[PDB]
């Protein structure tokens, strides 16, 4: 048994903004009530990790174990945990689903407040302390997940139990960008067959929106990116027209309006840039157009438009994890992937190891990844 015992293991610790992550031996405490200790086998990285690592995250706390896109196998569970057990295959999710709060009970949102008072400050609810340490001193959790490690401890309300035959080096991506993108189409916008759609930003999120739109039956799927190399790549995900704002003097919204004779039925902003968010709203069609903000803007940044845009029938909205309830629906997305109904594999451009995580981050930084997946054994 490792159960009830401290586990020493490899993990990538971020000690300071912008410094290379150091691969330490760390102590992972056993799970307390309501907690789940997971053997993480594969973890993906994304710009959300890098953002905090670069010291730009006002909620960032050092030293910490980053990582929030993973899949693994439950090693043990704490007192009272019943939905997973040792041996279950799981995806830890930064977005909880407690099923007991007024948000979960509402039936009108996927947001759940249950553990965010602890996970927002790098600790666990049960004792308001961390489960990670080196040389007797605590290392903060990150986003309730901390998946840059061979083992992590997470709240049971954050653990999705998945099909035990799913490939763990692929379905690690179903914890972040892919569900956000697909559900922005399916849940937040509810795009109807024949809709025309604009997608601003063709990274992983944007490409998942394009797949979502394609699956929902959209007609014109117009991608907008400042990097024209993204178009060739985006075609397999369903993007079927492309505009680079740099090729035009006019604001991009006017360009899209001209291209569609009035605007799109739905737009999605998958960058996190307030000016593009405004453009995405303003390129929607009068009367019925809807824009969904998926991008996460920096602190203090504001979106603007003229109220006539909304008075004349446009709707402004946004999405958090595609509107998916994590514990209930991440398993459902895994099922759809196993049935070849959603892409996952095609988003993984590189496969490295946890040991080479610093190299993964260099790949991320240079725009070379869609998703880079890390094997935590080496």
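Positions refer to the first chain, counted from 1.
- Averaged over Cα atoms, the B-factor as recorded in the entry is higher for 32 to 40 than for the other of 316 to 324 and 32 to 40.
- Note on 58 to 66 vs 306 to 314: mean CA B-factor is higher in 58 to 66.
- When the C-alpha B factors of 193, 80, 179, 287 are read from the deposited coordinates, the top value falls at 80.
- Across the residues 265, 282, 261, 163, the deposited record lists the maximum Cα B factor for 261.
- The entry lists a Cα temperature factor for residue 136 that places it in the highest third of the chain's modelled residues.
- Per the deposited record, the Cα B-factor of residue 107 falls in the highest third when ranked against the other modelled residues of its chain.
- Among all modelled residues in this chain, the alpha-carbon of residue 212 has a temperature factor (C-alpha) in the lowest third.
- In the PDB entry, residue 233 places in the highest third of its chain by CA B-factor.
- Residue 119: CA B factor in the middle third of modelled residues in this chain (values from the PDB entry).
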